[PDB]
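One letter stands for each residue in the lines below.
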Amino acid sequence: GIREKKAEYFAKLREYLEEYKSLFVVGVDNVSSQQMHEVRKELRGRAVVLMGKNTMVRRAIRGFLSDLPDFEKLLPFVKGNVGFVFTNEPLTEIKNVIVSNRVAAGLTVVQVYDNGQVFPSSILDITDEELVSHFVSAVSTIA
Amino acid sequence: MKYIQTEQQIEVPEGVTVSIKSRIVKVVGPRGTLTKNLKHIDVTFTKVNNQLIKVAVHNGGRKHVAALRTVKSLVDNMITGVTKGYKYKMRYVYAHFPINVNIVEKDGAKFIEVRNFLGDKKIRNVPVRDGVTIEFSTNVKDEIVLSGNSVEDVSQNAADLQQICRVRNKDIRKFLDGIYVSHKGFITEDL
Amino acid sequence: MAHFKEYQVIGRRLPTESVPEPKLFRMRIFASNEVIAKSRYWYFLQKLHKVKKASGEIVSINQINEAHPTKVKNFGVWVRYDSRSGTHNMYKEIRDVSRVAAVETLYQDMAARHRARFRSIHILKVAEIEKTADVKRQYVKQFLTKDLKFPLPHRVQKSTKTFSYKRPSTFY
Amino acid sequence: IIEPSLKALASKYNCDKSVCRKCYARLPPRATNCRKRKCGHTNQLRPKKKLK
Amino acid sequence: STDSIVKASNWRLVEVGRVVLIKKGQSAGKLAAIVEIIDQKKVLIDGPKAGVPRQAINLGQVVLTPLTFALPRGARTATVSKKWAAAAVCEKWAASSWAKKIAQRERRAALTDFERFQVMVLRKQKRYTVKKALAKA
RNA sequence: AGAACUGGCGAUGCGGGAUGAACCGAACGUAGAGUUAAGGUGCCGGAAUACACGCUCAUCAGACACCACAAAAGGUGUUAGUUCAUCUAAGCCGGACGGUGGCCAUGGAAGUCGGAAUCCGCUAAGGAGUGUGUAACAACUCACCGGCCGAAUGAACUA
RNA sequence: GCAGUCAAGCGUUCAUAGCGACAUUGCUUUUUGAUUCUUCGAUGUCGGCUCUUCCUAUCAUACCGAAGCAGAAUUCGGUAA
Ligand SMILES: [Zn+2]
């Protein structure tokens, strides 16, 4: 079916939410024939990327209102065409490995998914310097 | 099959006022004011607010209904013409004899006058329509620019100028000389 | 073929010592009087069973009146008919107050649009359409929308006399 | 002589057209039917032919 | 001016609750209500109060009036009556010139020859006092 | 031009078909009153510019048996219908592409002269520069592109 | 005699610029036949001369659209008698 096929996208996607802990939503608006894709085999020990037809992509979301509602915060960034890096860690280094494939003028990310957050991404934990000197900085300002 | 009602919508932007009475439409904005007789079509107007006026046909067949959108458009271009305005640009195109183009007048009239077309000794004249105003670009070679509130009158006056240079008895794929419409858009709002 | 009434026609093959009590068959026939209806009964039966009215008999003929002759219904109409160049099945919809009212417009419509006289059409089925939006046909759906209203522009009143001392208006 | 882009301009008018095969009308290049009543609005169209 | 002005034809609408005046037939003269629209040409009407029988009618033998009252569509005769009454439809009609002229015209037509004579004599009286007025200011 | 059965014309007016041997109606003493036939009822002209639902717009409409002709074939005119497919899991605006110039031929020959197949594949785009300009730099600009989108939609057909 | 529909083929390549087989629908009544209705107590043959008028299936001339229209020349086609 084609509602099988609609569902099919739904089926797998949910499964991938339920198969990874992190998720990078990388923007895949524009960009097209042969290049990046062929690097992705090589990068598929970390992720699944999926390109697909938008209204379909949206309706997948509708089917996921059932649980894991934090994916609702992906929703304002569904726009255009976006694509998935289903993922576990680094979100700021591994991510950058994924990013690097050869730019165009940055190929081509314009959005982030960080489990309810939307970084640059470039800051997430590196010294616990927002938890020993910035979880007590107005404790510092006033004891 | 007869459509029991069918309607279209006309956004009135800030600063303009459209008033219609027995299908005679008067549209007024910052640029000026246009009017148009719509008596030849049975359509009914209805003002929802000052931003928005509707047009319907009641119980109409296909061809009638086809008249609906077209009324909407005509009235839309009245509103655009009197806010942003219209501008059509042309280019002289000639392989050899340069086409020599000026404004001239008789009885305070105003004509676009075209000389040397394909080396012709004859002079071509095109009356400049009222409301439409002619310029000549300063920094595009051979340009000619007609503008005004009335797309109808600008566009026809441009058409008149190109139709007057047609090239008779020559293969018109080889002999491409002419004045052609090269761009068309608005007075205000970039180019 | 006129102002229609609908009849139950019930008939059967004549009894034989071999088969007394032969099976009974019914048709609902739309016609204007009962002579036509029984004609019509036989015309159809002959195309469906070996029987000519010379071997059969009509057991009962009864007019079927519309049950709710002022509820407005949307009817599905199924029709077989002949064109100048072949024969066709066709589904149409009709909005009306009675089958008998619907069927009559069916016949006018087959005449107007397809130039089908009565001899050329068979009514296959006629049925109230239960649930709105099982209605399939735009030109009837149009009437089904909520709080439906429309004007009747350009009213022409008929005049009783030949001259009139005022220029008329179409104002409704 | 004549810059490429103006030759192109001139061609939208002079040559990027199609032609009715019954009645010869100069027609829009993406047209499906002839606009003319004399040929029955035929849909027998061909491209206008390009120079050498 | 400076508002957009658009006068819009204010047609009497065929609609549930629209009240109509029957031109032809046996219910000629009487008021009924549109209950349900059948198509661009037919409607179900019902005039319980004037005693015009709920029936499918062709719009061409009816004339739309300006009056309309609240009536759910499909409403059967009983509830048509309740609603027509609640609404005071006859009250409104009677008050109209339209209904008044019909009444006037009806009354004239019933005048006796003697009565016609009296109207003459009375008219001549009114006339008289009028012409002297129309002559003073 | 020549036969079959019947009915006609010829031998026959009358009413209708404008007209007209043969069609339709109906056959004939002199008349009155009524009623019809076939055919008609905007006006010529006796009789509804009657009632009802549609369909049709022709810069060559059409308009009534015999009868005073039109066909193949076409139409994105407009009407109603059919079948197949999409769709609550009409239809619109952009995604239609790589390994492998794969394997026979041969500038190229790819899906893309030609022969035989078309197997697998994967899900993201800057042409050493289009021009101005310099023998050549600089600057601006654009290419597998679309936001898509909102109880119908797409295609092929019938008359 | 004149005009179409289909499109295999022609046309270096390319069905339809111009053409167009096998088939197939028509139109015309200046060809020639077929018929024998009128005229055999009469309707004066062929051609030319002279003169008027009409048709259009247009040769020229006006304005156009096509092209295997570069120019010149032509050819196809429209409105046109
Ligand atoms: Zn054509």
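Right above here is the structure, for reference.
The rules behind the values
- Residues numbered from 1 in each chain as written, not as in the entry; some residues may be left out.
- Chains lettered and ligands numbered in written order.
- Part of a larger assembly, values for the part shown.
- Heavy atoms only, no water.
- Residues with missing side-chain atoms left out of burial classes, pairs and counts.
- Helix = DSSP H or I, 4+ residues; strand = E, 2+ residues; numbered from the N terminus.
- Rg over C-alpha atoms; globule rule 2.2 N^0.38 Å.
- Buried < 20%, exposed > 50% of the residue type's maximum accessible area, 1.4 Å probe, protein only.
- Contact = heavy atoms within 4.5 Å.
- Areas by Shrake-Rupley, 256 points an atom, 1.4 Å probe, with all protein chains shown as cover.
- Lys, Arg positive; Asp, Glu negative; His and termini not counted.
- Charge placed at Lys NZ, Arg CZ, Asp CG, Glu CD.
- 1 Å grid on protein atoms, 1.4 Å probe; cavity = no way out; pocket = protein on both sides within 12 Å on 5 of 7 lines; lining within 4 Å.
- Points joined across faces, edges and corners; volume = space filled by probe spheres on them.
- Nonpolar A, V, L, I, M, F, W, Y, C, P; charged D, E, K, R; others polar.
- Donors = N, O, S within 2.8 Å, 3.2 Å for Na, K, Ca; no water.
- Patch = residues over 30% accessible without salt bridge, like charges linked within 9 Å, V, L, I, M, F, W, Y side chains within 5 Å.
- Salt bridge = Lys/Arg side-chain N within 4 Å of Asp/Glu carboxyl O.
- Buried area = accessible area lost by both parts, 1.4 Å probe.
- Polar contact = N/O pair within 3.5 Å; in protein donor to acceptor, adjacent residues only side chain to side chain.
- Near = heavy atom within 4 Å.

## Some words on the overall build of chain A
- From N to C terminus, chain A includes 4 helices and 2 strands.
- Listed by position from the N terminus, the elements making up chain A come as α-β-α-β-α-α.
- Along the first, second and third principal axes, the C-alpha atoms of chain A reach 65 × 40 × 25 Å.

## Let's talk about the overall build of chain C
- The helix and strand inventory of chain C stands at 3 helices and 6 strands.
- Listing each helix as α and each strand as β along chain C from the N terminus yields β-β-α-β-β-β-α-β-α.
- For 172 residues, the compact-globule estimate of 2.2 N^0.38 gives 16 Å, and the C-alpha radius of gyration of chain C, at 22 Å, exceeds that figure by more than 25%.
- A principal-axis box enclosing the C-alpha atoms of chain C has dimensions of 80 × 45 × 40 Å.
- The 172 residues of chain C split such that 35% are buried.
- Relative to all contacts within chain C whose residues are 6 or more apart in sequence, the contacts with residues 24 or more apart total 61%.
- A total of about 11700 Å² of accessible surface is found on chain C, and carbon and sulfur atoms cover 52% of it.
- The positive charge centre, built from 35 side chains, and the negative charge centre, built from 15, are 9 Å apart in chain C.

## Some points on the layout of surface pockets
Residues and elements named next belong to chain C.
- Of the voids in this model, the largest pocket is the one considered here, and its volume is about 1800 Å³.
- Every residue lining the largest pocket is counted, 46 residues in all, and those nearest its centre are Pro153, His154, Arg155, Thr170 and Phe171.
- Considering only residue class, the lining of the largest pocket consists of 19 nonpolar, 18 polar and 9 charged.

## Digging into the coordination of the zinc ion
All names here are of chain D.
- Within the protein, the atoms that donate to the zinc ion are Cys20 (SG), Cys23 (SG), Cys34 (SG) and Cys39 (SG), at distances of 2.1 Å.
- In the primary structure, the donors to the zinc ion are separated according to the pattern C-x2-C-x10-C-x4-C. With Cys23 in the loop between β1 (18–20) and β2 (26–27) and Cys34 in the loop between β2 and β3 (45–47), this residue pair connects regions lying 11 residues apart in the sequence. Residues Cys23 and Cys34 agree in their burial class; the two are buried.

## Side note on a nonpolar patch on the surface
- On the surface, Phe114, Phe117, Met120 and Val121 of chain E cluster together to form a nonpolar patch covering roughly 400 Å² of accessible area.
- Position of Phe117 of chain E among the secondary structure elements: in helix α4 (residues 113–133).

## Some thoughts on empty space enclosed by the protein
Residue and element names in this part refer to chain A.
- What the largest cavity holds in volume is close to 200 Å³.
- As for the largest cavity, its lining consists of 15 residues, of which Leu13, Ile61, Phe64, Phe71 and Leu74 are closest to the centre.
- Among the secondary structure elements, those contributing two or more residues to the lining of the largest cavity are α1 (2–17), α2 (54–62) and β2 (82–87).
- Along the lines of polarity and charge, the residues of the lining of the largest cavity split into 14 nonpolar, no polar and 1 charged.
- Estimates place the volume of the second largest cavity at around 60 Å³.
- Forming the walls of the second largest cavity are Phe24, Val26, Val85, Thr87, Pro90, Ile94, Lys95, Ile98, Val99 and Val109.
- Looking at the lining of the second largest cavity, the element that brings in the most residues is helix α3 (residues 94–99), giving 4 residues.
- For the lining of the second largest cavity, the per-class residue count stands at 8 nonpolar, 1 polar and 1 charged.

## Some thoughts on unusual backbone geometry
- Following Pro120 of chain A, the chain continues into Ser121 of chain A via a peptide bond in cis, with omega recorded as -20°.
- Tracing the sequence through the fold places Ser121 of chain A in the loop between α3 and α4 (138–141).
- Look at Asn169 of chain B: it is not a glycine, yet its phi comes out positive at around 45°.
- With respect to the helices, strands and loops of the structure, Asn169 of chain B is situated in the loop between α2 (151–163) and β13 (178–186).

## Some points on the interface of chain C and chain E
- If you look at the interface, chain C gives 15 residues, while chain E gives 18 residues.
- Taken together, the two surfaces of chain C and chain E that pack against each other cover about 1700 Å², and 63% of this comes from carbon and sulfur.
- When the buried surface of chain C facing chain E is broken down by residue, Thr70, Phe150 and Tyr172 of chain C rank first, second and third, together holding 36% of it.
- At the junction of chain C with chain E, the criterion picks out 2 salt bridges.
- A salt bridge links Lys149 of chain C to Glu15 of chain E; its shortest N-O distance comes to 3.3 Å.
- In this structure, the connection of chain C to chain E is made through 7 residue pairs in polar contact.
- Taken together, the residues of the side of chain C that touches chain E sort by class into 10 nonpolar, 1 polar and 4 charged.

## A word on the protein's contact with RNA strand F
- Neighbouring residues of RNA strand F: 63 residues in total, closest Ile2, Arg3 and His37 of chain A together with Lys92 and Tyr139 of chain C.
- For RNA strand F, the fraction of protein-proximal atoms (within 4 Å) that sit in sugar or phosphate groups is 71%.
- Residue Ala105 of chain A places a main-chain N or O atom 3.1 Å away from a base nitrogen belonging to RNA strand F.
- A distance of 3.1 Å separates a sugar or linking oxygen of RNA strand F from a polar atom in the side chain of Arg37 of chain D.
- Among the elements of the structure, α1, β1 (22–27) and α2 of chain A, α1 (62–81) of chain B together with β5 (87–96), α2 (99–114) and α3 (138–141) of chain C are those that each provide at least two residues to the surface near RNA strand F.
- For the surface near RNA strand F, the leading source of residues is β5 of chain C, giving 5 residues.

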